[PDB]
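**Student:**
Protein chains: 2
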Amino acid sequence: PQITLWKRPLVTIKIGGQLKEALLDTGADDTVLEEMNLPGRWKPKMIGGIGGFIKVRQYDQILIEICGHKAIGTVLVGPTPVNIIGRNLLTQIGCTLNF
Amino acid sequence: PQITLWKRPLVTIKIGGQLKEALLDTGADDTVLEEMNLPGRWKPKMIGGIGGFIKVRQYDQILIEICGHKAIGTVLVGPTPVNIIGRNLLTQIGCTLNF
Ligand SMILES: CCC(CC)CN(C[C@@H](O)[C@H](Cc1ccccc1)NC(=O)O[C@H]1CO[C@H]2OCC[C@H]21)S(=O)(=O)c1ccc([C@@H](O)CO)cc1
């Protein structure tokens with residue numbers, strides 16, 4: 001589909017057997033999801049934005065479905081105020097910017 | 001153009017007669033640029049991101065050309081980690097997400 005930007009580009013995602021709303025975010029290198037208790041090993045990471053850094057848990061090879069499009073890659077889990085689909089997964093669903 | 005997302009969507013902007021690099025950021029409501037001198041009146045404002053809130057100067061109705069496309073809108077100046085172009089201007093240049 002084509003998503004205009006009059007409002008936040010929120011879409012439904014499926015991750016860890018749960019459905020969530022998340023931003024398709026070209027400004028994020030990686031995908032950052034609100035606190036959730038995923039199984040498996042993880043590595044500590046810190047990511048910086050407006051306001052400073054937050055601590056997140058980096059999980060690798062996680063399957064995410066975005067609007068019925070399947071992807072697999074890294075997801076960072078931490079106290080983000082919003083679920084963020086980053087470029088690491090946006091490329092896997094064929095997402096481009098167009099103007 | 002059509003912009004793929006294997007690399008950061010960085011583009012050249014012109015604002016206040018000066019060229020700069022900026023990130024096209026669909027996860028940003030607003031456009032926030034790093035500290036710079038801009039002519040005209042401004043008002044102190046706050047904006048929040050993934051790490052908390054910062055103080056910015058709000059410049060309204062500013063002329064800004066993004067990758068050859070003109071916009072006139074609000075520009076917030078403050079300690080953002082990166083120059084970002086947000087939806088308030090992305091809509092003006094006709095930018096959409098497509099997949
Ligand atoms: C380019 C640097 C920053 C942005 C300065 C990139 N961020 C994405 C950005 O889309 C962010 C998303 C967002 C966060 C909180 C609330 C709502 C949206 N939007 C944002 O701050 O918008 C501001 C401006 O407009 C307002 O609307 C929304 C808030 C206001 S991030 O989340 O901090 C981040 C940092 C590092 C990584 C790692 O992967 C390495 O990249 C991934 C993601």
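One line per chain: the protein sequences are B and A, in this order.
First residue of the first sequence? That's 1 in PDB author numbering, and the numbers climb one at a time after it.
First residue of the second sequence? That's 1 in PDB author numbering, and the numbers climb one at a time after it.
Ideal Cβ positions, reconstructed from N, Cα and C, are used throughout, including at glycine.
Please go through the region 30-64 of chain B and give each complete beta strand (DSSP E) segment of 3 or more residues, from N-terminal end onward.
**Tutor:** Correct list: 31-33 and 43-49.
**Student:** Tell me which residue opens and which closes the beta strand (DSSP E) that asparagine 98 of chain A is part of.
**Tutor:** Where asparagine 98 of chain A is concerned, the enclosing beta strand (DSSP E) stretches over 96-98.
**Student:** Just the C-alpha distance for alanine 28 of chain B and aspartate 25 of chain A, rounded to the nearest angstrom, thanks.
**Tutor:** Going by the C-alpha atoms only, they are around 8 Å apart.
**Student:** Residues of chain A with CB closer than 9 Å to the CB of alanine 71 of chain B, please, in chain order.
**Tutor:** Under the 9 Å cutoff, chain A gives no residues; its nearest Cβ is about 11 Å from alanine 71 of chain B.
**Student:** Relative to ligand 1, is the shortest distance from any of its heavy atoms to the C-beta of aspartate 25 of chain B smaller than 6 Å?
**Tutor:** At least one heavy atom of ligand 1 is nearer than 6 Å to the Cβ of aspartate 25 of chain B, so yes.
**Student:** My assumption, with CB atoms under 8 Å, is that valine 77 of chain B sits in contact with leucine 38 of chain B. Please give the rounded CB distance.
**Tutor:** With 8 Å as the limit, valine 77 of chain B and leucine 38 of chain B qualify as a contact, their Cβ atoms being about 6 Å apart.
**Student:** Pull the bridge partners of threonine 4 of chain A from the DSSP assignment, please.
**Tutor:** For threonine 4 of chain A, which the question treats as bridged, DSSP gives no partner whatsoever.
**Student:** Return no unless some Cβ of chain B is closer than 7 Å to the Cβ of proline 44 of chain A.
**Tutor:** So no, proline 44 of chain A is outside the interface.
**Student:** Based on the DSSP output, what are the partners of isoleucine 84 of chain A in its beta bridges?
**Tutor:** Per DSSP, A:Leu23 and A:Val32.
**Student:** Got a sec, what are the start and stop residues for the beta strand (DSSP E) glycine 73 of chain B sits in?
**Tutor:** Segment 69-77, the beta strand (DSSP E) holding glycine 73 of chain B.
**Student:** For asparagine 98 of chain A, return the contacting residues in chain B, with the cut-off set at a CB-CB distance below 9 Å.
**Tutor:** Neighbours of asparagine 98 of chain A on chain B, chain order: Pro1, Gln2, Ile3, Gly94, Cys95, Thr96, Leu97 and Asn98.
**Student:** Establish whether the CB of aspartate 25 of chain A and some CB of chain B are separated by less than 7 Å.
**Tutor:** Chain B contact via Cβ: present.
**Student:** On the three-pair Cβ rule with 8 Å, is the region 39-54 of chain B touching the region 40-57 of chain A?
**Tutor:** Yes, the region 39-54 of chain B touches the region 40-57 of chain A.
**Student:** If we ignore side chains and look at the alpha-carbon of each, how far apart do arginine 8 of chain B and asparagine 98 of chain A end up?
**Tutor:** Rounded to the nearest angstrom, the two C-alpha atoms are 14 Å apart.
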